[PDB]
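Encoded as structure tokens, the following chain is the form deposited in one PDB entry, with no partner shown.
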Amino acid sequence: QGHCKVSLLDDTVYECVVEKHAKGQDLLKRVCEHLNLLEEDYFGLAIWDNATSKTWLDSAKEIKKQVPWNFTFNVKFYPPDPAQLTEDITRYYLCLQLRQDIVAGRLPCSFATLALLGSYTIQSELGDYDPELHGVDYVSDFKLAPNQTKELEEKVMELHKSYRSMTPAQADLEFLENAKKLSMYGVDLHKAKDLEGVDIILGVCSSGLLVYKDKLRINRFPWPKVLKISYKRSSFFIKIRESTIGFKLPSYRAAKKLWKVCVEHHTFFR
């Protein structure tokens, strides 16, 4: 208790000890200092209830109540125009996050997109293709897809071999120009039901609160139109310009979690 283990975006683990009574701010302070983090407001620390369910760490509440003391360092706020971030390092970290999102299935891509994005990942990681030193079977060390096939790796190497004088910063920019246009880019998903009992998924992103039935987007409430976001017990409420759309969440923890992310996005992207 108090021993913190934070998985960074480059898969390195950072460990520190905080006071037993520490708040989240105290741990975030340490992680941002360690990384010498330039545009740190885009990032946050997450706690994983299970393999596919996370809650962000609340900077103002004690760590002990929220959690072993294991965390991930992630992009929390995905920029809609990554080219306007000031620092190449921030673009690099955004790429590492998107690669995780791709491999986890949170950012669905067609085969051609996987191959294109994967080609830029490879260019940024290894530099220009080098037929003497790389050969013909050099991409399996990189996780480019949820299921990484030989056919995908072959397309990636074909595209990679076609590039010249592309620095990692330039590769990152091409990756991001393409990724930013994907429909799930930067979308944080939360299961819910509508009032009729129908299963839906709510997506939180820079643009607004999105509503999906299946993989199909059927509503969006942009942040400029949202007047108030609230929750009570397992109910979540959004007031728009004048009506309130309520959703039923599976627990009060889930409703609270959603409300918090929505307020944070509403504020960050004002």
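Only residues modelled in both forms are compared. Just so we're on the same page, rigid core means the largest C-alpha set that superposes within 1.5 Å between forms. One-based numbering along the sequence shown.
Unmodelled stretch separating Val67 from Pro68: 1 to 3 residues (count of deposited-sequence residues without coordinates). The entry models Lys215 and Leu216 with no unmodelled deposited residue separating them. Judged by mean Cα B factor in the deposited record, 31-39 ranks above the other of 226-234 and 31-39. Stretches 128-136 and 185-193 differ in mean CA B factor, with 128-136 having the higher one. Between the residues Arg164, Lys143, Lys76, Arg91, the entry's highest C-alpha temperature factor is the one at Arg164. Between the residues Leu85, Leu152, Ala171, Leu98, the entry's highest C-alpha temperature factor is the one at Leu85.
For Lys248, the recorded CA temperature factor ranks within the middle third of the chain's modelled residues. In the PDB entry, a CA B factor belonging to the highest third of its chain's modelled residues is recorded for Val17. Ranked by C-alpha B-factor against the other modelled residues of its chain, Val198 falls in the highest third. Ranked by C-alpha B-factor against the other modelled residues of its chain, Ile240 falls in the highest third. Placement of the Cα temperature factor of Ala46 within the chain: lowest third of the modelled residues, per the deposited record.
A second form of this protein, the form deposited in another entry, is not displayed here; the remarks below concern that form.
When the two forms are superposed on their rigid core between the shown form and the other one, the C-alpha shift of 2 Å or more among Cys205, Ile201, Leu27, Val226 belongs solely to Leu27. Comparing the forms between the shown form and the other one on their rigid core, the Cα displacement of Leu133 reaches 2 Å or more. In the core-superposed comparison between the shown form and the other one, the C-alpha atom of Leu249 has shifted by less than 2 angstroms.
After superposition on the rigid core, the Cα atom of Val18 is displaced by 2 Å or more between the shown form and the other one. In the other entry, the CA atoms of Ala115 and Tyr42 move apart by 3 angstroms or more relative to this form. Distance between the C-alpha atoms of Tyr42 and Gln97: longer by at least 3 Å in the other entry than in the displayed form. Residues present in both forms were considered; between the shown form and the other one, the rigid-core fit shows Cα displacements of 2 Å or more across three or more consecutive positions at 17-23, 25-52, 60-67, 132-135.
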